[PDB]
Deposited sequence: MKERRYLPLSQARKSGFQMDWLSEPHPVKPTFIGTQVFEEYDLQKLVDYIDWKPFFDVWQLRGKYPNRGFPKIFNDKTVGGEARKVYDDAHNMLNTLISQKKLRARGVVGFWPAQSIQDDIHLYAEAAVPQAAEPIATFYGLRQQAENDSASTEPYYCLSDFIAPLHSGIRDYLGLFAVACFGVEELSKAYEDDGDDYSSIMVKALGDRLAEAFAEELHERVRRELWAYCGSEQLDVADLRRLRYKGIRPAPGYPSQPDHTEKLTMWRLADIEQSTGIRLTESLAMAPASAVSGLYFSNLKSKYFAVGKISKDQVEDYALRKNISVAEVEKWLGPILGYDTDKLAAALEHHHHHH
């Protein structure tokens, strides 16, 4: 008996930016991509969010493998895993046994209804064929009233007379899978767990630091920003970096467009697997939105009308859309 608003009505009640009263989006410092063939891993250490790392060790530490430090047999563990993490980081960074690569890109962007079109640097968007499209999905489930969000709501309409921009990034830590296997071959499960956890921390730190670098320098829509790492975790900054597959746009296949547009694989070695997971696994990607009114949200469950409309926009079958949007189908 769950109620869903028909797509046309959800669109009429979409999030309204009031573009007539909006300031002009800032043009990024370049259009196209910038590639990082290496990155300063020591600098990233300061951006690490240690909570998920301690979560890993709480989970694994309850059932220690043979060969764990003696402290796991006590009635202390957090300090020991933290110190061991720092020793490993020092050794692996200095020996260059871990390395990071990434890419950032920016393009002119404008919205048409639920979708975001990107254009060539020198193009007049109204006069030009888009070079890429990032498709949006819109909230539909029922519960003035709150708007029905879609990521396209955060980008200026094609006909608004306002030029907008969209960015993207992909980052990864390389060497993790190889080191973990080597540790395991040596019978050292503790170090394997450790390097896997650290790889994840480094990739996320890279995403965080690079986002700050994008806000202040590369896009520079907030050049005066001066926030601590703790404030970054709390999302005290403006703009968002949502990745395909996450609740704001659950369609993983949007990664294909990111990879094509920014030539990500040939630029960074970061691959998309058949399930559209990133390889190496210690990797993060996303689209950058600069509007200070942008926010994360969950699309939530959607109706058949939106699935059909989305299929037509992407030129794929309903069955194909239903494969990738399975968990958010609001119908049988």
**Message:** So, counting the deposited sequence from position 1, which segments are absent from the coordinates?
**Reply:** 1-2, 78-80, 149-151, 341-355
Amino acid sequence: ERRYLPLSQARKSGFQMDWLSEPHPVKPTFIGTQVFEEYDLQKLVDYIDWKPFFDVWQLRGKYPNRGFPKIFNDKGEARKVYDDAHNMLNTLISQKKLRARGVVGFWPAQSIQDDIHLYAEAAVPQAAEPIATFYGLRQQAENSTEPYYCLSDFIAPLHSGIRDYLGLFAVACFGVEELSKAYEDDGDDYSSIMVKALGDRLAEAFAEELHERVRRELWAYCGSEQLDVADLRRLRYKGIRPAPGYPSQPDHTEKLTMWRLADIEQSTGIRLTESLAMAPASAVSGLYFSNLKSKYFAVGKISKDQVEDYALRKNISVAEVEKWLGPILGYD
From here on, numbers count along this sequence of modelled residues.
**Fill in**
Going by the entry, of stretches 283-291 and 58-66 the one with greater average Cα B-factor is 58-66
**Asked** Which is higher on average in the deposited entry, the C-alpha temperature factors of 227-235 or of 104-112?
**Response** 227-235
**Prompt:** Between 76, 136, 199, 244, where does the Cα B-factor run highest in the record?
**Reply:** 76
**Request:** Grab the CA temperature factor for residue 189 from the record and place it in the lowest, middle or highest third of its chain.
**Result:** middle
**Request:** Tell me, lowest, middle or highest third: where does the Cα B factor of residue 122 rank within its chain?
**Result:** highest
**Request:** Please rank the C-alpha B-factors of the chain's modelled residues and tell me whether residue 169 sits in the lowest, middle or highest third.
**Result:** lowest
**Message:** Among the modelled residues of this chain, does the Cα B factor of residue 150 put it in the lowest, middle or highest third?
**Reply:** lowest
**Prompt:** Which third, lowest, middle or highest, does the CA B-factor of residue 142 fall in along this chain?
**Reply:** highest
